[PDB]
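Trainee: Questions regarding the structure given below will be posed in turn.
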Amino acid sequence: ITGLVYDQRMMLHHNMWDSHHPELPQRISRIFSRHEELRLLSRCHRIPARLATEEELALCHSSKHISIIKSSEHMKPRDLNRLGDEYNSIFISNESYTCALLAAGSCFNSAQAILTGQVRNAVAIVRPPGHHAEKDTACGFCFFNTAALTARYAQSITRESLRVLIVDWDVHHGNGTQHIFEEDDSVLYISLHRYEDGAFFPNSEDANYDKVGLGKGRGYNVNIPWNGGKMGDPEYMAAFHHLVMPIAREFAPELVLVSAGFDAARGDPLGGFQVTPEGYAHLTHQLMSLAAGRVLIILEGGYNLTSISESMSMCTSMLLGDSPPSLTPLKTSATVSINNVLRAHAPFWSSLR
Ligand SMILES: CN1C(=O)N2Cc3c(c4cc(OCCN5CCOCC5)ccc4n3Cc3ccc(C(=O)NO)cc3)[C@@](C)(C2)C1=O
Ligand SMILES: [K+]
Ligand SMILES: [K+]
Ligand SMILES: [Zn+2]
Numbered sequence: 443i444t445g446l447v448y449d450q451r452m453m454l455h456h457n458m459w460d461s462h463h464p465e466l467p468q469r470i471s472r473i474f475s476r477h478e479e480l481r482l483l484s485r486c487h488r489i490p491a492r493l494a495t496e497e498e499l500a501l502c503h504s505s506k507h508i509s510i511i512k513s514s515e516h517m518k519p520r521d522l523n524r525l526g527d528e529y530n531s532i533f534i535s536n537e538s539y540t541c542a543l544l545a546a547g548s549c550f551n552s553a554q555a556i557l558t559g560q561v562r563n564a565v566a567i568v569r570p571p572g573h574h575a576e577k578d579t580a581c582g583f584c585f586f587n588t589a590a591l592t593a594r595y596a597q598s599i600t601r602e603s604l605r606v607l608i609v610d611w612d613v614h615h616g617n618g619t620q621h622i623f624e625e626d627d628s629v630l631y632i633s634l635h636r637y638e639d640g641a642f643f644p645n646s647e648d649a650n651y652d653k654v655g656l657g658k659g660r661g662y663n664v665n666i667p668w669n670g671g672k673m674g675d676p677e678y679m680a681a682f683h684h685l686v687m688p689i690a691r692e693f694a695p696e697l698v699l700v701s702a703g704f705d706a707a708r709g710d711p712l713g714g715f716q717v718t719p720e721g722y723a724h725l726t727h728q729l730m731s732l733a734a735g736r737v738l739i740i741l742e743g744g745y746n747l748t749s750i751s752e753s754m755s756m757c758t759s760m761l762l763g764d765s766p767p768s769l773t774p775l776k777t778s779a780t781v782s783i784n785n786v787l788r789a790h791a792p793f794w795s796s797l798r
């Protein structure tokens, strides 16, 4: 059984100054309508959304950050603009805090459904996204770190050191997720992302391959940075083959969360990559071999409405047990990237030797 969570109320978060801003309310309604069209929706167990509580938010966020975001609820447009502008790439409306709570609470109910054994795996069609949000700050369309929160939520109902793998295949680095877990050996963070030697958002060397984790978390942060323009299925499949899956198997996660942005998709105007719906299906299918199939796919970014609809629906079809669809040599710089990661992580993972 595959679970699915979607709630129309998460459409209420909007940019009142620019209704064409790419992080659109209709990102989630289009993905949901596509699951209906492909007859995937009726094959899933529907999990209800709920609000995250402030206590749950404190699993990862400071009380000052929660408080500041919550206060936005009762702001006039001018102050919404001023507050959003204190962050990098944030717009806020009166509904934003509520929607951020719903995105987190939806993922919690999904992780609970998996861990109580109501469902084997699940998909969360949620917004606003999460992975740029830091303990103390909002960033990059993200208010609270939904995936990071979900990992802590899962630990709070099982065991504190429950081994959680987060695979972040959004085209951007999840700086917030990396930082939250940087000293933590219970949460393995693996990100693939466009880097371009720092020219690609969020423009920090924190995304480079030599950032391997700190203290007891050393070896538990795996950055796979792409340089040198468009990448697609071959490069993604090669990174999963050489790096993601051997490290993951060695870690032996008890729960997999996917920070599943679909902005590395063919057609995305922000990502500039060419990962196909069939590619994402193969990535999902591989991750399903981990943690006895306990996989929660969480929407992050992805801005071409058709691309994200087809791609996320393909992932759900895999979680449901459908056969992987049918699938070149790698761009030279992709080989260089993979080999850099391998060199950086060989000291920590015997499977890479
Ligand atoms: C690549 N790239 C970027 O990532 N940098 C951040 C950025 C960019 C950008 C451009 C935008 O409008 C361009 C005009 N047109 C839009 C329609 O298409 C045609 C162009 C709007 C928001 C923007 N943001 C903010 C942002 C974007 C994605 C995530 C996300 O998914 N992370 O997981 C997080 C934050 C920039 C300039 C820089 C940028 O170009
Ligand atoms: K990523
Ligand atoms: K970590
Ligand atoms: Zn992104």
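Heads up: the sequence shown runs through residues 443 to 769, 773 to 798, numbered per the entry's author numbering. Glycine included, every Cβ here is placed at the ideal spot set by N, Cα and C.
1. So what does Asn563 bridge to, in DSSP terms?
2. With ligand 2 as the reference, list in chain order each residue whose Cβ lies under 5 Å from any of its heavy atoms.
3. Using only the heavy atoms of ligand 3, determine whether one of them is closer than 7 Å to the beta carbon of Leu630.
4. Any chance the CB of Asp648 is under 7 Å from a heavy atom of ligand 3?
5. Hey, is the segment 668-687 in contact with the segment 567-581, meaning 3+ C-beta pairs nearer than 8 Å?
6. What residues match up with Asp610 in a beta bridge as DSSP calls it?
7. Based on Cα-Cα distance, which residue from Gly445, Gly714, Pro711 and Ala707 lies nearest to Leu725?
8. For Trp668, which beta-bridge partners are listed by DSSP?
9. State yes or no: is the C-beta of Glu742 nearer than 7 Å to some heavy atom of ligand 4?
10. What is the DSSP secondary structure of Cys541, reduced to helix, strand or coil?
11. Pick helix, strand or coil for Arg488, following the three-state DSSP scheme.
12. Does the count of Cβ pairs from the segment 488-497 and the segment 443-454 closer than 8 Å reach three?
13. If distances are taken between C-alpha atoms only, which option among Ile556, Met754 and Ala555 comes closest to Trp611?
14. Residues in its own chain within less than 8 Å of residue 772 by CB, not counting five upstream and five downstream?
15. Near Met687, which residues of its chain fall below 7 Å by C-beta distance, leaving aside the five closest residues on each side in sequence?
16. Suppose you measure from the CA of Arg569 to the CA of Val561; what does that come to, to the nearest Å?
17. For ligand 4, is there any heavy atom lying closer than 7 Å to the beta carbon of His614?
18. Under a Cβ-count criterion, where at least 16 other Cβ atoms within 10 Å of its own Cβ denotes burial, should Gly703 be classed as buried or exposed?
19. Check whether the Cβ atoms of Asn645 and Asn665 sit closer than 8 Å, and answer yes or no.
20. Where does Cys549 sit, in a helix, a strand or coil, going by DSSP?
21. Assuming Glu696 and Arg605 form a contact by the criterion Cβ under 8 Å, report the distance between their Cβ atoms to the nearest whole angstrom.
22. What separation, rounded to the nearest whole angstrom, lies between the Cα atoms of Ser484 and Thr444?
23. Would you mind sorting residue 799 into buried or exposed? The rule is 16 or more other CB atoms within 10 Å of its CB.
24. Counting C-beta neighbours from all protein chains within 10 Å, is the total for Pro571 16 or more, i.e. buried, or is it exposed?
25. Is it buried or exposed for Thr558, if we count other Cβ within 10 angstroms and need 16 for buried?
26. Looking at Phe793 and ligand 3, is the gap between the Cβ and the nearest heavy atom below 7 Å?
Mentor: Taking the coordinates as given:
1. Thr444
2. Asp610, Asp612, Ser633 and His635
3. yes
4. no
5. no
6. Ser633 and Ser701
7. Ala707
8. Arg636
9. yes
10. helix
11. strand
12. yes
13. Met754
14. No coordinates exist for residue 772 in the structure shown, because the numbering of the chain passes directly from 769 to 773.
15. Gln728
16. 22 Å
17. yes
18. buried
19. no
20. helix
21. 5 Å
22. 11 Å
23. Residue coverage of the chain in this structure runs from 443 to 798, which leaves residue 799 outside it and unanswerable.
24. buried
25. exposed
26. no
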